[PDB]
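A.B. asks: Chains from the complex, first installment, not repositioned:
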Amino acid sequence: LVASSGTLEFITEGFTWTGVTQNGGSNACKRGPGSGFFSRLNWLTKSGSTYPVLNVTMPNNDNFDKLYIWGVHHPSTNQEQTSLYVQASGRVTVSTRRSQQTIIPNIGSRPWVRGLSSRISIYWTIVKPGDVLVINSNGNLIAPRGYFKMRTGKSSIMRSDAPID
Amino acid sequence: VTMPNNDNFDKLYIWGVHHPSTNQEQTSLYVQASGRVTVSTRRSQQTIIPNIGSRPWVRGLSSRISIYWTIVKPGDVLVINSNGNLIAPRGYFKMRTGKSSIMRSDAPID
C-alpha cells in the first residue's frame, strides 16, 4: 500500500488521549544515551492505577485518503499485562463507517528476539474522505501519532542488494 | 436447532452476529453479558465471537451487525447453537447453477 504511493508524509494530527500515560518504551530499544520507543506510534500504558475507556474521533474533511497505523500489544505472560495495564483482559476495536475490525490480544510466550520475549501485531485501517475514525479499546492499544497520504502513482517495491550509481 | 437437508439442491442460510455499542446494550437485549455464535455443519465449522465496541453514527444508530454465511450440502444437517448475539434465519435460497453475474451500472433500462 505505501510502496504503491511512495511517500512518508507523516502529518501529526491533534490526537486527544486523556487519562493515559503516553510515550511508553523499553530498555532494549534505545535512542541515544537513554531509552527510546517508536517515533511513528505511541505506546499507551496505564496512568497510575486507573485505565479508563478511551474514545477518540478522527474526522476526514480533506480530499485525500488517510492511512492509520495501530498496533495490538502481546505480553509474554499475565504479569506483564497487569504491570502495564489495569484491566487483565483488553480488547482493541478500530472501526469506520464502512468497515469494522476487532483484534483480540493474545497472551502467550514468544521466542527470544533481540533480548525480549514479547511482540506486537500490526493491523491497518484506511479512512475514506467523509468517514470518521473511532478507536475505542480497553487494553493493549497502541495509538497512532499521524497518518499518510494515499497517493496514486506508478510506484512499487523491489528487494535488491546492488549498489546505487 | 437442527436443519436436515433431504432435498436435491444446495441450501444457503444467512445468519448475523449482533455487535452492541457498549455493555449497556448487551445486558438490555441479552441476559448473558458475553455471547458466542457457533454455526457448524458435518463438513465445516465457523465460530464468530461478538465484539463489543463503539461505532460511528450511521443512520442515527451507533451499532452494526456482522454477516457470515453457511452453505449446507444435500445430506448435511445445520446445527446453530449460540448463547447470545444470535440472529436467526427465516429461510434459505436455492443455489442454482447458471451463467448469471452482477454488474454495477448507472445507465437506464430501455
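C.D. replies: The structure has been received and is ready for your questions. Numbers count the residues shown, from 1 in each chain, chains lettered A, B, ... in the order given.

A.B. asks: what about the lengthiest helix in chain A, distance to the chain center?
C.D. replies: The longest helix of chain A (DSSP state H) is helix A:78-84. Between the centre of helix A:78-84 and the centre of its chain there are 19 Å (Cα atoms, centre = their mean, to the nearest Å).

A.B. asks: Show me what it is in contact with.
C.D. replies: A:24, A:45, A:46, A:73, A:75, A:88, A:90, A:107, A:118, A:139, A:140 (Cβ atoms under 8 Å, 6 or more residues apart in numbering or on different chains). Where C-beta positions appear, they are placed from N, C-alpha and C, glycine not excepted.

A.B. asks: Looking at the residues you listed, which one is closest to chain B?
C.D. replies: Using Cβ to the nearest Cβ, residue A:90 comes nearest to chain B of those, at 11.9 Å.

A.B. asks: Quick check: which element contains that closest one?
C.D. replies: Assessed by DSSP states H and E, residue A:90 sits outside every helix and strand.

A.B. asks: ok, then the element right after the longest helix of chain A?
C.D. replies: strand A:92-95.

A.B. asks: burial count for the residue of chain A found nearest chain B?
C.D. replies: Taking Cβ to the nearest Cβ, chain B has its nearest neighbour within chain A at residue A:93, 3.1 Å off. Neighbour count for residue A:93, taken as other Cβ atoms under 10 Å in any protein chain shown: 21.

A.B. asks: Pull the contacting residues for it.
C.D. replies: Residue A:93 sits in contact with A:100, A:101, A:102, A:135, A:136, A:137, B:51, B:52, B:53, B:54, where contact means Cβ under 8 Å, 6+ apart.

A.B. asks: Name the nearest residue to residue A:101, sequence neighbours excluded.
C.D. replies: Excluding the flanking residues, the one nearest residue A:101 by Cβ to Cβ, 6 or more residues apart in numbering or on different chains is residue A:94, at 5.8 Å.

A.B. asks: okay, now the one you found: neighbour count?
C.D. replies: Around residue A:94 there are 23 residues (other Cβ under 10 Å).

A.B. asks: In the sheet, which residues pair with it? Tell me.
C.D. replies: Beta-bridge partners of residue A:94, counted by DSSP bridges, are residue A:101, residue A:135.

A.B. asks: hang on, isn't it packed against residue A:123?
C.D. replies: Yes - here residue A:94 reaches residue A:123: they are 7.4 Å apart, a contact under Cβ atoms under 8 Å.

A.B. asks: tack on chain C:
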Amino acid sequence: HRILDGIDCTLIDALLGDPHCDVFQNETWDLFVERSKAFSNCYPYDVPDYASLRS
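C.D. replies: With chain C now in place:
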C-alpha cells in the same frame, strides 16, 4: 437477458430484508444492476469479505 433494476437496494439489501426492496419478493433475474445512488435506510450492517457473499 432478464435485467433487474436495483434502484433503491443493492444485492445485499435484498438478501437481508431491507424495507425498501419489498417488491423483490421471490424475484428471479439474470443480471443485477446496482446503482451508484443506492443507500441503506435501516439498521446498519457490515459484511466481512464483501466480494465473497455477493458472488
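
A.B. asks: Check the contacts of residue A:93 one more time with chain C there.
C.D. replies: A:100, A:101, A:102, A:135, A:136, A:137, B:51, B:52, B:53, B:54.

A.B. asks: How about residue 13, nearest residue that isn't a chain neighbour?
C.D. replies: No chain in the question, so chain A it is. Nearest one to residue A:13, counting by Cβ to Cβ, 6+ apart, is residue A:146 at 5.8 Å.

A.B. asks: actually chain C
C.D. replies: residue C:21 (5.8 Å).

A.B. asks: What distance do you get for that neighbour to residue C:14?
C.D. replies: Taking Cβ to Cβ, to the nearest Å as the measure, residue C:21 falls 5 Å from residue C:14.

A.B. asks: Now the common contact residues for these two.
C.D. replies: By Cβ under 8 Å, 6+ apart, residue C:21 and residue C:14 have these common neighbours: residue C:6.

A.B. asks: how long is stretch A:90-103 from one end to the other?
C.D. replies: Stretch A:90-103 has an end-to-end distance of 10 Å (criterion: Cα to Cα, to the nearest Å).

A.B. asks: Is the residue nearest to residue C:13 in a helix, a strand, or coil?
C.D. replies: Following DSSP: H, G, I helix; E, B strand; the rest coil, the label given to residue C:21 is helix.

A.B. asks: wait, it sits on residue C:7?
C.D. replies: No - with contacts counted by Cβ under 8 Å, residue C:21 stays clear of residue C:7, the gap being 9.3 Å.

A.B. asks: Neighbour count for those two, which is higher?
C.D. replies: Each of residue C:21 and residue C:7 has its neighbours counted (other Cβ under 10 Å); residue C:21 has more, 19 against 11.

A.B. asks: Spatially, which residue comes closest to residue A:10, not counting chain neighbours?
C.D. replies: Residue A:10 sits nearest to residue A:146 (Cβ to Cβ, 6+ apart), 4.5 Å away.

A.B. asks: ok, the one you found - contacts?
C.D. replies: A:10, A:11, A:12, A:13, A:40.

A.B. asks: count of residues packed around the third one?
C.D. replies: If I follow you right, that is residue A:12. Neighbours around residue A:12, by other Cβ under 10 Å: 10.

A.B. asks: For the residue nearest to it when sequence neighbours are not counted, give its distance to residue A:101.
C.D. replies: Here the nearest residue to residue A:12 in space, its sequence neighbours aside, is residue A:146; by Cβ to Cβ, 6+ apart that works out to 4.7 Å. Distance, residue A:146 to residue A:101, by Cβ to Cβ: 20 Å.

A.B. asks: If anything else comes up later, I'll come back, but that's it for now.
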